[PDB]
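>>> structure, please.
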Amino acid sequence: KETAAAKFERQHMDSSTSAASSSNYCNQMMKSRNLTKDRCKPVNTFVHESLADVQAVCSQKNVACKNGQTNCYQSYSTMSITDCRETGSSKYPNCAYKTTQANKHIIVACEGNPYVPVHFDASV
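Numbering: from 1, shown residues only. Okay, here it is:
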């Protein structure tokens with residue numbers, strides 16, 4: 001089955017674009033990354049950085065995750081991100097999202113050897 005690291009990349013990385021280019025970014029990306037296949041994922045963040053720069057966050061500032069786990073890390077620098085969250089009209093299978101651009105630090109949980117992101121915790 002898909003590894004947690006691979007699911008992080010599929011759900012949260014977009015190294016192919018530097019920012020969201022339109023209000024339809026989330027609608028398109030949530031669909032294309034299969035985040036709307038079974039149900040409308042309510043919230044999701046995409047990170048417009050290289051994969052190595054995001055993986056490097058696992059050696060940056062340790063902080064406890066929202067759920068209390070101690071394997072979270074905050075990026076030292078801000079990153080280009082897109083926040084996706086359902087619109088009021090979103091209704092499966094026609095999942096619909098508001099796209100919001102931002103430049104924020106990210107917090108990710110890390111596991112493994114190599115020690116890499118497995119969960120996106122927050123933009124801050």
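>>> what about the strands in the chain?
43-47, 61-63, 72-74, 79-86, 97-104, 106-111, 116-123 (DSSP state E).
>>> contact partners of the first one?
Contact partners of strand 43-47, identified using CB atoms under 8 Å, 6 or more residues apart in numbering, comprise 11-14, 20, 26, 29-30, 35, 54, 79-86, 106, 120, 123. (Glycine included, C-beta is placed from N, CA and C.)
>>> please redo it, this time with the cut-off set to 6 Å
Strand 43-47 is contacted by residues 12-14, 35, 54, 79, 81-85, 120, 123 when judged by CB atoms under 6 Å, 6 or more residues apart in numbering.
>>> which of these sits closest to residue 66?
Set against residue 66, the nearest of the contacts of strand 43-47 by CB to CB is residue 120 (10.8 Å).
>>> OK, contacts around the closest one?
12, 45, 108.
>>> out of the strands of the chain, nearest to residue 1?
The closest of those to residue 1 is strand 116-123. By CB to CB, the value is 13.6 Å.
>>> partner strands of that closest one, parallel or antiparallel?
strand 106-111 (antiparallel) (DSSP bridges).
>>> turn the strands of the chain into CSV, columns for distance to residue 5.
Below are the strands of the chain laid out as CSV (distance: least, CB to CB, whole Å):
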stretch, distance to residue 5
strand 43-47, 14
strand 61-63, 19
strand 72-74, 14
strand 79-86, 18
strand 97-104, 22
strand 106-111, 8
strand 116-123, 5
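>>> so for residue 6, which of these sits nearest?
Among the strands of the chain, the nearest to residue 6 by CB to CB is strand 116-123 (9.4 Å).
>>> can you pull the alpha-carbon coordinates of the closest one into CSV?
C-alpha atoms of strand 116-123 as CSV (Å, rounded to 0.1, in the frame of the first residue of the first chain):
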residue,chain,number,x,y,z
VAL,A,116,10.8,12.5,5.9
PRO,A,117,7.4,14.2,6.2
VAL,A,118,4.4,11.9,6.6
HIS,A,119,1.7,14.4,7.7
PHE,A,120,1.0,18.1,7.1
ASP,A,121,0.1,19.6,10.4
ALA,A,122,-0.4,23.3,9.9
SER,A,123,0.6,26.5,8.1
